[PDB]
Amino acid sequence: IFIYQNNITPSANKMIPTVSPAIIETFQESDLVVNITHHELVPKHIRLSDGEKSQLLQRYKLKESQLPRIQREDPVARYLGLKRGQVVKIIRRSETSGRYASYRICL
Amino acid sequence: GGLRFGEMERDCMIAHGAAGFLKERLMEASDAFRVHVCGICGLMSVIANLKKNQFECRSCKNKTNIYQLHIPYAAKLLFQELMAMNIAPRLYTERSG
Amino acid sequence: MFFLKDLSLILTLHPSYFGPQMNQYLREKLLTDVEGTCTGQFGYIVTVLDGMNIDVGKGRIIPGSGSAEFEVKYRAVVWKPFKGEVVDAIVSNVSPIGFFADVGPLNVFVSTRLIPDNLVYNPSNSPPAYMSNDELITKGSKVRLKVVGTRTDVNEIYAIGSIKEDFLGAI
Amino acid sequence: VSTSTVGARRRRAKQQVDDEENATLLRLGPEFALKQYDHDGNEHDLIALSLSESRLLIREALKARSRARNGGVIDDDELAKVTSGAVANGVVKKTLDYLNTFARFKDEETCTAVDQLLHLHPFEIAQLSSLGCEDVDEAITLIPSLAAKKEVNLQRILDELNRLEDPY
Amino acid sequence: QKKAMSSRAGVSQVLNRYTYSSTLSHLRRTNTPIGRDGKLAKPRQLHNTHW
Amino acid sequence: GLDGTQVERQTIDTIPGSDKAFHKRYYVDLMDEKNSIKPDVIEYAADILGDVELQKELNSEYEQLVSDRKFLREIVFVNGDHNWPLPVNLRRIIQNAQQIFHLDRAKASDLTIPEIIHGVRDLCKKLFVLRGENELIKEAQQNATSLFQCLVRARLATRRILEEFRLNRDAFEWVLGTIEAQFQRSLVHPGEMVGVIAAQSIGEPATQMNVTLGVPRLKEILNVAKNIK
Amino acid sequence: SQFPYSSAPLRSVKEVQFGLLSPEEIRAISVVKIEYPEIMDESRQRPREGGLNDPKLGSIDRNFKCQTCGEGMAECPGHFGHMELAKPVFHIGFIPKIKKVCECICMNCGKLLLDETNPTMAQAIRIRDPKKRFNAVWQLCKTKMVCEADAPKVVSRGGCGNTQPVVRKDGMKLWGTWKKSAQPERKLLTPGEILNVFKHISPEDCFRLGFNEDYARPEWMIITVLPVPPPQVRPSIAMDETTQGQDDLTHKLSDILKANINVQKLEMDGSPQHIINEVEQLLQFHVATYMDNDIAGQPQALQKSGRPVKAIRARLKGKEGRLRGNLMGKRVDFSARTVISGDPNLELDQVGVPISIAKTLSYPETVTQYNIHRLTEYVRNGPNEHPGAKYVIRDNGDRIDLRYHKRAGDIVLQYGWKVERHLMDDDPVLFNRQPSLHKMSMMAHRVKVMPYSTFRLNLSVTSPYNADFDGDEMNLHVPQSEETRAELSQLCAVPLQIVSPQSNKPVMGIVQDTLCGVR
Amino acid sequence: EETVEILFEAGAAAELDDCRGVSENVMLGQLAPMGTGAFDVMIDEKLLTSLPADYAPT
Amino acid sequence: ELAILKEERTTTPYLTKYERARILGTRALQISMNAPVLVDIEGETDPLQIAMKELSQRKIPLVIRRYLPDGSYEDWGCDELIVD
RNA sequence: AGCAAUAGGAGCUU
DNA sequence: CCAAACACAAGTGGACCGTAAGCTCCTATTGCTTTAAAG
DNA sequence: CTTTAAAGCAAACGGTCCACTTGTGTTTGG
Ligand SMILES: [Mg+2]
Ligand SMILES: [Zn+2]
Ligand SMILES: [Zn+2]
């Protein structure tokens with residue numbers, strides 16, 4: 001994780017994905033001042049494991065492309081270090097049922 | 001004349017879940033037609049002689065794999081206009097992938 | 001030549017026939033319908049292996065008509081000729097312009113120009129037949145004859161052979 | 001109407017000259033693919049039946065359907081009768097008499113023996129059980145494809161075949 | 001006649017003779033050719049100067 | 001998982017009030033003589049006092065009620081609102097049960113506490129929005145009916161059932177069976193065109209309608225705008 | 001059952017596969033080559049074969065049959081011809097994509113400007129969607145201005161090394177600017193040269209840009225032979241009992257034929273290069289406006305009445321076009337309309353139907369052994385008395401009109417036959433007021449036959465319809481089968497819509513005098 | 001919307017339409033996989049074979 | 001292949017409104033086509049009402065095949081689904 | 001046993 | 001370690017497509033004019 | 001000298017998309 005101050009120029013940015021097998025993510029300090037997962041409108045995201053993702057797909061008789069989706073650049077996917085194909089589980093308030101579990105897959 | 005069963009009437013029938021009634025309004029109460037398609041090329045280029053019981057798609061040189069379809073006459077006319085603009089709509093009666 | 005062929009036949013059943021021994025009625029309908037028919041894509045359907053034990057499955061009611069559709073899948077035996085394949089036969093007819101030989105369900109006729117020239121026809125022999133010195137073609141004979149043509153007519157097909165080639169003709 | 005596992009065969013832009021039949025050159029048509037399928041879509045080897053297996057199968061099916069018609073209670077000219085329709089009876093009678101006029105293997109025992117011995121392309125496999133041949137010449141000239149395979153064995157296989165061939 | 005498009009329509013109308021007052025009103029009618037292509041509700045409004 | 005014609009506004013009784021009011025409505029004590037069931041309502045009144053193998057079940061019930069109170073107050077309805085649209089109307093069920101079985105004359109009730117507790121527990125484990133032995137199926141099923149279970153447990157509490165509604169065993173079994181069947185009737189049917197119904201349900205009110213509101217604001221929302229008025 | 005027997009099995013469309021039509025298949029499916037412009041022979045009775053009214057194209061007359069299929073007007077679909085063009089022309093609906101492919105590919109050797117060597121394109125190839133893949137390859141490959149012969153020892157990728165032009169669009173003419181090395185010589189790209197360049201694209205190259213080998217080949221976006229639609233798509237009409245004008249498409253095809261022949265009068269004699277371009281461009285413009293007469297920045301193909309030509313695109317779009325005017329909604333039989341009235345004495349799910357409408361509309365009731373007496377009474381009653389019947393349908397489709405039949409007493413009803421009896425009490429009919437804003441604006445009612453030609457409604461159902469009785473009219477739709485009767489009565493019936501899902505409250509109440517009176 | 005442009009793009013890219021939607025089944029006059037058309041109705045044999053033997057096909 | 005075994009059937013055990021409507025329509029059409037009637041016909045002649053009587057007595061011989069979004073399906077005879 | 005099309009204009013009920 | 005020219009990134013101007021539903025009536029127009037050929 | 005048929009000829013404001021302009025960064029090579 002490479003926390004920077006002002007800007008990461010696109011020329012420098014291109015080296016980020018070409019450094020396999022390591023992973024480099026960057027955040028700007030201004031963005032990190034508030035932790036957004038503590039916000040009341042942001043429910044708790046929990047990345048699933050591979051076995052649990054397989055269980056989720058089989059329980060619903062689903063393909064990966066038939067799930068609601070989340071961008072890798074989503075602030076909470078960025079905050080969680082989500083890689084492509086990983087599924088978060090989002091438990092949230094429900095005024096009709098009390099509790100509701102949502103799942104989104106990463107683009 | 002007849003009364004128009006417009007788009008919002010179709011929306012209301014869809015909300016009601018009455019699929020058979022919608023199909024019956026749009027087909028048997030209106031321009032229902034019968035066409036023959038080629039089982040190979042899926043174009044309505046089948047030459048049919050019903051009294052001699054003989055069929056042929058001359059492009060595909062086919063005389064055995066030919067199917068009939070009941071479709072709105074407006075749908076047949078739409079496909080023929082698309083063919084007139086070089087677009088080929090191919091109606092296939094079975095899924096492959 | 002005979003091939004074992006998996007084939008199907010979609011059918012339509014009236015609601016009036018919806019009784020307790022329906023499936024056997026459809027089995028009898030299949031047996032009457034298919035035992036004898038020709039199709040240009042398969043050949044000739046002589047019999048059906050295990051006829052009484054075909055599975056009709058569950059039929060679907062067509063919306064708007066009320067008649068049932070069945071995909072009665074089964075494995076049968078079909079007989080189809082191919083050009084350039086050798087097929088045995090027995091002669092049926094005789095004529096100055098050639099003779100007819102029954103092949104499988106069909107009857108094959110060979111023309112005069114496609115016959116070894118040592119064979120000579122005779123309208124006056126008792127019995128009337130083609131002859132030669134050391135070759136004979138009379139009624140009841142066997143003929144190992146090649147097929148060199150097959151036109152596909154939907155109901156009845158016909159194959160025209162040629163006995164002009166070596167190892168062929170009277171046997 | 002009459003259809004089978006052969007389904008779409010959809011139209012690619014290009015055609016193929018290799019579509020005409022020539023039984024001398026292993027070209028049979030797009031209905032007898034080198035790997036068949038069954039009624040469950042599962043893969044299955046092509047079937048090319050000799051006269052013996054087919055005769056046994058047809059006799060078996062006819063007598064099974066007769067016992068089924070009878071509630072559970074000998075000759076082709078009679079055994080072909082099980083069908084429905086005069087044309088049906090005629091075609092099956094002609095086919096059965098053709099089978100009994102050229103059936104060198106007149107039993108299940110020798111059919112099983114040749115099945116074991118033979119199991120190579122099923123076409124020629126069945127044609128060897130169908131076409132009696134004295135030596136290598138008849139096979140390699142009437143069936144011109146045995147040349148370019150370099151596994152012939154026709155000599156001894158044909159010897160044992162004509163040995164197992166019953167009298168007539 | 002050959003420029004029917006780009007020409008004003010409905011400038012002449014069949015005189016309404018259903019009743020007498022309908023005729024008297026039709027003879028005193030007015031039309032602003034703004035057109036219905038446009039949802040500006042301002043020119044449709046009764047205005048003070050209309051008094 | 002419910003069809004939108006089948007739900008009616010109902011009060012969730014564990015949400016409102018002070019802790020003292022909550023305690024007085026719902027908490028029972030077996031050893032304590034005064035704060036127990038009023039003796040003049042049940043047949044088995046004298047057998048109740050002093051027991052322990054039943055005060056355990058009463059404490060489990062009260063702790064489940066406190067769990068529901070905390071859940072609804074802190075997660076679901078943080079602002080205190082307790083009147084929400086929900087499936088089967090239980091006031092009407094209770095009043096119908098009173099009418100059919102003639103709950104007058106304040107008769108000695110033959111409805112034991114353990115039978116009440118186990119009846120409500122079984123009912124809470126009988127409301128099927130999703131069927132299947134899978135584990136995500138079980139989790140989704142329990143998340144689906146959490147609010148409705150909160151309602152059913154806030155209403156069918158032991159003190160309330162025995163004192164305020166005075167149901168006997170027959171009325172109790174009838175209320176439970178009716179809750180099963182009417183909840184099974186409140187479910188949406190597979191095949192519903194909920195998208196067309198929702199589109200019409202949203203569009204029709206628009207025909208009757210310095211913060212921007214009404215039709216221009218709805219147009220801004222649906223025509224997702226990078227800038228708004 | 002109103003279709004004559006055909007031996008093919010009837011099935012329904014599960015998959016639609018769009019795509020272009022190749023010239024080979026266009027020639028193949030045709031039935032007659034079209035070359036003579038003039039409509040009639042010489043104004044001479046069964047016009048010139050090889051013209052736009054060749055009987056091979058099909059029949060549009062009631063007492064004449066199709067010379068191609070031998071079927072009546074009812075069954076003959078119409079048959080396509082073809083009309084070879086002297087020069088190839090652009091398909092008007094594909095010029096932008098022709099431009100984008102021209103920008104992407106090497107215009108000399110038919111190869112992609114960049115390979116899988118460059119990892120950006122090596123990953124842009126990896127998109128499954130044809131459109132996203134095409135966009136991701138075009139947005140990178142459009143800027144390299146050469147077909148490099150070496151992939152970035154000397155290893156050759158097979159490229160050529162010719163520079164790339166800056167493509168631009170001015171109307172229907174594709175300009176390509178070659179900036180040599182100063183003066184960039186800008187030349188016109190004709191449809192034929194682009195067609196030749198496009199034929200050279202290899203199958204795998206074709207796959208990378210997102211096209212298809214079997215269905216959509218990039219050169220089939222250039223027209224070289226034109227299909228001629230049957231006269232069904234462009235039928236003539238009769239104005240005053242003896243006169244006929246051809247449809248717009250027919251005159252447009254005639255103009256195209258004139259243009260084609262004028263093109264074939266220039267490459268046969270003197271043509272000083274300022275007539276070849278003019279006439280070929282006339283052909284291009286006629287072909288373009290035959291398909292799309294709404295092209296920006298040019299005049300429209302006009303009629304001698306001053307109106308523009310009704311192009312096919314204009315045929316297909318809009319509220320009144322094919323899709324929304326004939327497919328999403330259409331006019332239907334077995335419907336009625338009249339003013340509505342209120343009736344305090346009707347039940348909630350009852351509608352009062354005028355006698356005249358009850359006799360004009362009909363329901364087909366299959367004859368069975370539980371309703372044969374009643375149906376024979378209806379047959380005897382006739383189509384002028386209620387309850388009667390209008391038609392008897394025999395088991396093969398033959399209609400027995402009971403008006404002109406003088407011997408109505410001598411009809412015995414067979415089993416399985418069908419009688420199209422009158423509208424009767426308790427028949428479920430769909431009843432509807434526009435606009436139909438929600439599912440409760442169109443509901444199924446039980447019929448009660450009444451005099452006095454208005455429709456009668458119980459007054460509590462006027463709220464879901466938003467109706468009142470000061471001029472309103474409402475529509476009535478009669479279901480023509482038992483499946484639709486059951487669907488109406490079990491899903492759309494008035495009692496079933498009392499509670500709405502919009503706000504989980506009732507929509508029908510007590511109104512408008514019963515409320516005041518009950519207070 | 002954009003009917004002609006969308007159809008041209010579908011032609012130029014060889015789109016395959018799976019015919020699972022509502023409008024698509026509407027324009028072809030077929031039963032939509034919707035409401036009453038979201039299932040199929042088969043013929044049950046186990047219940048049928050209980051009928052009296054005289055109600056049979058002849 | 002796509003059929004589901006009668007033990008792992010995870011759909012509702014209750015006949016839905018659409019299934020009931022279509023089943024009644026189809027049965028009515030069948031009886032109106034001179035199909036045999038399983039119930040005892042006492043008074044009524046309308047095929048739809050006869051179909052309703054048969055449906056209530058669980059004597060309608062039809063099967064609902066409930067397609068899942070992935071193409072698989074479950075089979076339920078009408079007599080084993082519960083009708084309200 | 002067979003009753004044109006396209007336009008414009010004025011209106012009806014929301 | 002620093003100079004530089006061209007590889008590489010956005011900001012910006014100005015193209016198209018669409019605008020409730022259903023219904024009724026009446027009225028007008030459906031190519032016209034000029035030149036050439038044949039009787 | 002007149003009539004019929006065929007061919008030719010006129011003068012409303014918003015927003016997604018596409019790449020040319022404006023601008024910043026690299027990293028060879030001294
Ligand atoms: Mg009104
Ligand atoms: Zn074809
Ligand atoms: Zn090149």
# chains A, B, ... in the order shown; residues from 1 in each chain; ligands from 1

call {"tool": "interface_residues", "arguments": {"of": "chain L", "to": "chain E", "cutoff": "12 Å", "atoms": "only C-alpha atoms (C1' of nucleotides)", "output": "list in words"}}
result
residues 10, 11, 12 and 13 of chain L

call {"tool": "residues_near_ligand", "arguments": {"ligand": "ligand 2", "cutoff": "8 Å", "atoms": "only C-alpha atoms (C1' of nucleotides) and all ligand atoms", "output": "PyMOL selection string"}}
result
(chain B and resi 37-46+57-62) or (chain G and resi 29)

call {"tool": "write_last_selection", "arguments": {"atoms": "C-alpha atoms", "output": "PDB file, in the first residue's frame"}}
result
ATOM      1  CA  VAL B  37     -38.448 -21.040 -42.638  1.00  0.00           C
ATOM      2  CA  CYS B  38     -35.358 -22.924 -43.773  1.00  0.00           C
ATOM      3  CA  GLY B  39     -34.009 -25.222 -41.072  1.00  0.00           C
ATOM      4  CA  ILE B  40     -30.465 -24.480 -42.285  1.00  0.00           C
ATOM      5  CA  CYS B  41     -30.373 -20.769 -43.150  1.00  0.00           C
ATOM      6  CA  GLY B  42     -33.324 -19.627 -41.016  1.00  0.00           C
ATOM      7  CA  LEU B  43     -34.595 -17.254 -43.706  1.00  0.00           C
ATOM      8  CA  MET B  44     -38.160 -17.027 -44.970  1.00  0.00           C
ATOM      9  CA  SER B  45     -36.913 -17.916 -48.461  1.00  0.00           C
ATOM     10  CA  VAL B  46     -38.793 -21.225 -48.561  1.00  0.00           C
ATOM     11  CA  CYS B  57     -34.953 -23.442 -50.036  1.00  0.00           C
ATOM     12  CA  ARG B  58     -33.050 -23.059 -53.290  1.00  0.00           C
ATOM     13  CA  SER B  59     -30.206 -21.110 -51.678  1.00  0.00           C
ATOM     14  CA  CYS B  60     -29.435 -23.947 -49.266  1.00  0.00           C
ATOM     15  CA  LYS B  61     -30.581 -26.575 -51.799  1.00  0.00           C
ATOM     16  CA  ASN B  62     -32.823 -27.980 -49.079  1.00  0.00           C
TER      17      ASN B  62
ATOM     18  CA  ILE G  29     -32.645 -16.851 -52.608  1.00  0.00           C
TER      19      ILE G  29
END

call {"tool": "closest_atom_pairs", "arguments": {"of": "chain G", "to": "ligand 3", "cutoff": "6 Å", "atoms": "only C-alpha atoms and all ligand atoms", "output": "Markdown table"}}
result
| residue | atom | partner | partner_atom_place_in_ligand_line | distance |
| --- | --- | --- | --- | --- |
| G:106 | CA | ligand 3 | 1 (Zn) | 4.7 |
| G:108 | CA | ligand 3 | 1 (Zn) | 5.5 |
| G:109 | CA | ligand 3 | 1 (Zn) | 4.5 |
| G:111 | CA | ligand 3 | 1 (Zn) | 5.7 |
| G:147 | CA | ligand 3 | 1 (Zn) | 4.1 |
| G:159 | CA | ligand 3 | 1 (Zn) | 4.9 |
| G:160 | CA | ligand 3 | 1 (Zn) | 4.2 |
| G:161 | CA | ligand 3 | 1 (Zn) | 5.7 |
| G:162 | CA | ligand 3 | 1 (Zn) | 5.9 |

call {"tool": "residues_near_ligand", "arguments": {"ligand": "ligand 1", "cutoff": "8 Å", "atoms": "only C-alpha atoms (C1' of nucleotides) and all ligand atoms", "output": "PyMOL selection string"}}
result
(chain G and resi 467-472) or (chain J and resi 13-14)

call {"tool": "write_last_selection", "arguments": {"atoms": "N, CA and C atoms (P, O5', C5', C4', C3', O3' and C1' of nucleotides)", "output": "PDB file, in the first residue's frame"}}
result
ATOM      1  N   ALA G 467     -63.075   7.054 -14.118  1.00  0.00           N
ATOM      2  CA  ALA G 467     -64.134   7.381 -15.057  1.00  0.00           C
ATOM      3  C   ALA G 467     -65.265   8.132 -14.370  1.00  0.00           C
ATOM      4  N   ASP G 468     -66.017   8.877 -15.175  1.00  0.00           N
ATOM      5  CA  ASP G 468     -67.306   9.417 -14.778  1.00  0.00           C
ATOM      6  C   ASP G 468     -68.216   9.341 -15.993  1.00  0.00           C
ATOM      7  N   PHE G 469     -69.418   9.868 -15.858  1.00  0.00           N
ATOM      8  CA  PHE G 469     -70.475   9.642 -16.829  1.00  0.00           C
ATOM      9  C   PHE G 469     -70.869  10.931 -17.531  1.00  0.00           C
ATOM     10  N   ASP G 470     -69.886  11.714 -17.954  1.00  0.00           N
ATOM     11  CA  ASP G 470     -70.133  12.967 -18.652  1.00  0.00           C
ATOM     12  C   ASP G 470     -69.536  12.970 -20.054  1.00  0.00           C
ATOM     13  N   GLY G 471     -69.572  11.826 -20.731  1.00  0.00           N
ATOM     14  CA  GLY G 471     -69.062  11.763 -22.086  1.00  0.00           C
ATOM     15  C   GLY G 471     -68.132  10.599 -22.332  1.00  0.00           C
ATOM     16  N   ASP G 472     -67.656   9.991 -21.252  1.00  0.00           N
ATOM     17  CA  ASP G 472     -66.628   8.970 -21.358  1.00  0.00           C
ATOM     18  C   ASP G 472     -67.103   7.770 -22.153  1.00  0.00           C
TER      19      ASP G 472
ATOM     20  P     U J  13     -65.155  16.390 -23.367  1.00  0.00           P
ATOM     21  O5'   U J  13     -64.606  15.194 -22.478  1.00  0.00           O
ATOM     22  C5'   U J  13     -65.340  13.990 -22.343  1.00  0.00           C
ATOM     23  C4'   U J  13     -64.463  12.863 -21.867  1.00  0.00           C
ATOM     24  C3'   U J  13     -63.401  13.226 -20.844  1.00  0.00           C
ATOM     25  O3'   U J  13     -63.902  13.357 -19.529  1.00  0.00           O
ATOM     26  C1'   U J  13     -62.444  11.875 -22.521  1.00  0.00           C
ATOM     27  P     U J  14     -63.252  14.429 -18.525  1.00  0.00           P
ATOM     28  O5'   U J  14     -61.686  14.162 -18.646  1.00  0.00           O
ATOM     29  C5'   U J  14     -60.905  13.966 -17.476  1.00  0.00           C
ATOM     30  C4'   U J  14     -60.034  12.739 -17.588  1.00  0.00           C
ATOM     31  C3'   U J  14     -58.605  12.876 -17.087  1.00  0.00           C
ATOM     32  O3'   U J  14     -58.496  12.721 -15.683  1.00  0.00           O
ATOM     33  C1'   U J  14     -58.585  11.866 -19.219  1.00  0.00           C
TER      34        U J  14
END

call {"tool": "interface_residues", "arguments": {"of": "chain F", "to": "chain H", "cutoff": "12 Å", "atoms": "only C-alpha atoms", "output": "list in words"}}
result
residues 189, 190, 191, 192, 193, 194, 195 and 196 of chain F

call {"tool": "residues_around", "arguments": {"residues": "residue 42 in chain H", "least_positions_apart": "3", "cutoff": "10 Å", "atoms": "only C-alpha atoms (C1' of nucleotides)", "output": "list in words"}}
result
residues 57, 58, 59, 60, 61, 62, 68, 69 and 70 of chain C; 39 and 45 of chain H; 61, 62, 63, 64, 65, 75, 76 and 77 of chain I

call {"tool": "write_last_selection", "arguments": {"atoms": "N, CA, C and O atoms", "output": "PDB file, in the first residue's frame"}}
result
ATOM      1  N   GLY C  57     -42.174 -40.964 -22.199  1.00  0.00           N
ATOM      2  CA  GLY C  57     -41.896 -39.855 -21.307  1.00  0.00           C
ATOM      3  C   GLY C  57     -43.187 -39.165 -20.890  1.00  0.00           C
ATOM      4  O   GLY C  57     -44.250 -39.786 -20.790  1.00  0.00           O
ATOM      5  N   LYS C  58     -43.096 -37.862 -20.647  1.00  0.00           N
ATOM      6  CA  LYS C  58     -44.257 -37.053 -20.298  1.00  0.00           C
ATOM      7  C   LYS C  58     -44.536 -36.053 -21.409  1.00  0.00           C
ATOM      8  O   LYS C  58     -43.652 -35.281 -21.793  1.00  0.00           O
ATOM      9  N   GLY C  59     -45.765 -36.070 -21.919  1.00  0.00           N
ATOM     10  CA  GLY C  59     -46.132 -35.164 -22.989  1.00  0.00           C
ATOM     11  C   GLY C  59     -46.508 -33.790 -22.465  1.00  0.00           C
ATOM     12  O   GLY C  59     -46.963 -33.633 -21.337  1.00  0.00           O
ATOM     13  N   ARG C  60     -46.333 -32.782 -23.314  1.00  0.00           N
ATOM     14  CA  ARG C  60     -46.640 -31.401 -22.967  1.00  0.00           C
ATOM     15  C   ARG C  60     -47.880 -30.938 -23.718  1.00  0.00           C
ATOM     16  O   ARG C  60     -48.011 -31.178 -24.923  1.00  0.00           O
ATOM     17  N   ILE C  61     -48.798 -30.307 -22.996  1.00  0.00           N
ATOM     18  CA  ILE C  61     -50.002 -29.750 -23.599  1.00  0.00           C
ATOM     19  C   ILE C  61     -49.644 -28.460 -24.324  1.00  0.00           C
ATOM     20  O   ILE C  61     -49.061 -27.544 -23.734  1.00  0.00           O
ATOM     21  N   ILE C  62     -49.990 -28.385 -25.606  1.00  0.00           N
ATOM     22  CA  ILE C  62     -49.768 -27.177 -26.396  1.00  0.00           C
ATOM     23  C   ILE C  62     -50.777 -26.110 -25.990  1.00  0.00           C
ATOM     24  O   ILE C  62     -51.992 -26.352 -26.033  1.00  0.00           O
ATOM     25  N   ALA C  68     -51.552 -33.045 -26.962  1.00  0.00           N
ATOM     26  CA  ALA C  68     -50.288 -33.410 -26.343  1.00  0.00           C
ATOM     27  C   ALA C  68     -49.192 -33.735 -27.348  1.00  0.00           C
ATOM     28  O   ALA C  68     -49.435 -34.385 -28.368  1.00  0.00           O
ATOM     29  N   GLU C  69     -47.984 -33.270 -27.048  1.00  0.00           N
ATOM     30  CA  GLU C  69     -46.794 -33.522 -27.849  1.00  0.00           C
ATOM     31  C   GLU C  69     -45.888 -34.485 -27.092  1.00  0.00           C
ATOM     32  O   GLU C  69     -45.656 -34.302 -25.893  1.00  0.00           O
ATOM     33  N   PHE C  70     -45.364 -35.492 -27.786  1.00  0.00           N
ATOM     34  CA  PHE C  70     -44.472 -36.474 -27.178  1.00  0.00           C
ATOM     35  C   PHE C  70     -43.200 -36.572 -28.003  1.00  0.00           C
ATOM     36  O   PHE C  70     -43.255 -36.696 -29.229  1.00  0.00           O
TER      37      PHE C  70
ATOM     38  N   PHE H  39     -44.280 -21.518 -17.116  1.00  0.00           N
ATOM     39  CA  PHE H  39     -44.187 -22.943 -16.841  1.00  0.00           C
ATOM     40  C   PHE H  39     -44.810 -23.711 -18.002  1.00  0.00           C
ATOM     41  O   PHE H  39     -45.280 -23.129 -18.980  1.00  0.00           O
ATOM     42  N   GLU H  45     -49.121 -39.660 -16.043  1.00  0.00           N
ATOM     43  CA  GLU H  45     -49.547 -41.029 -16.340  1.00  0.00           C
ATOM     44  C   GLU H  45     -49.953 -41.820 -15.105  1.00  0.00           C
ATOM     45  O   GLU H  45     -50.888 -42.634 -15.174  1.00  0.00           O
TER      46      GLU H  45
ATOM     47  N   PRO I  61     -55.676 -34.207 -14.030  1.00  0.00           N
ATOM     48  CA  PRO I  61     -54.447 -34.940 -14.398  1.00  0.00           C
ATOM     49  C   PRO I  61     -53.420 -34.129 -15.186  1.00  0.00           C
ATOM     50  O   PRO I  61     -53.136 -34.384 -16.363  1.00  0.00           O
ATOM     51  N   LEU I  62     -52.827 -33.131 -14.538  1.00  0.00           N
ATOM     52  CA  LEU I  62     -51.851 -32.283 -15.197  1.00  0.00           C
ATOM     53  C   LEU I  62     -50.613 -32.168 -14.320  1.00  0.00           C
ATOM     54  O   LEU I  62     -50.603 -32.586 -13.158  1.00  0.00           O
ATOM     55  N   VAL I  63     -49.554 -31.614 -14.907  1.00  0.00           N
ATOM     56  CA  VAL I  63     -48.259 -31.465 -14.251  1.00  0.00           C
ATOM     57  C   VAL I  63     -47.733 -30.072 -14.560  1.00  0.00           C
ATOM     58  O   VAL I  63     -47.729 -29.654 -15.719  1.00  0.00           O
ATOM     59  N   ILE I  64     -47.283 -29.357 -13.536  1.00  0.00           N
ATOM     60  CA  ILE I  64     -46.613 -28.076 -13.715  1.00  0.00           C
ATOM     61  C   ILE I  64     -45.111 -28.305 -13.691  1.00  0.00           C
ATOM     62  O   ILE I  64     -44.582 -28.904 -12.746  1.00  0.00           O
ATOM     63  N   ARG I  65     -44.424 -27.839 -14.727  1.00  0.00           N
ATOM     64  CA  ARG I  65     -42.971 -27.921 -14.818  1.00  0.00           C
ATOM     65  C   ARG I  65     -42.409 -26.526 -14.579  1.00  0.00           C
ATOM     66  O   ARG I  65     -42.481 -25.661 -15.458  1.00  0.00           O
ATOM     67  N   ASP I  75     -40.600 -30.763 -11.356  1.00  0.00           N
ATOM     68  CA  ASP I  75     -41.901 -31.260 -11.774  1.00  0.00           C
ATOM     69  C   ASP I  75     -42.788 -31.489 -10.560  1.00  0.00           C
ATOM     70  O   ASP I  75     -42.372 -32.132  -9.591  1.00  0.00           O
ATOM     71  N   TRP I  76     -44.010 -30.966 -10.621  1.00  0.00           N
ATOM     72  CA  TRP I  76     -45.004 -31.132  -9.570  1.00  0.00           C
ATOM     73  C   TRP I  76     -46.321 -31.517 -10.210  1.00  0.00           C
ATOM     74  O   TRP I  76     -46.828 -30.779 -11.060  1.00  0.00           O
ATOM     75  N   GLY I  77     -46.882 -32.654  -9.813  1.00  0.00           N
ATOM     76  CA  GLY I  77     -48.234 -32.947 -10.220  1.00  0.00           C
ATOM     77  C   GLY I  77     -49.182 -32.007  -9.508  1.00  0.00           C
ATOM     78  O   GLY I  77     -48.935 -31.575  -8.383  1.00  0.00           O
TER      79      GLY I  77
END

call {"tool": "residues_around", "arguments": {"residues": "range 98-113 of chain F", "least_positions_apart": "2", "cutoff": "6 Å", "atoms": "only C-alpha atoms (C1' of nucleotides)", "output": "JSON, numbers by chain"}}
result
{"F": [41, 42, 43, 95, 96, 115, 116, 168, 169]}
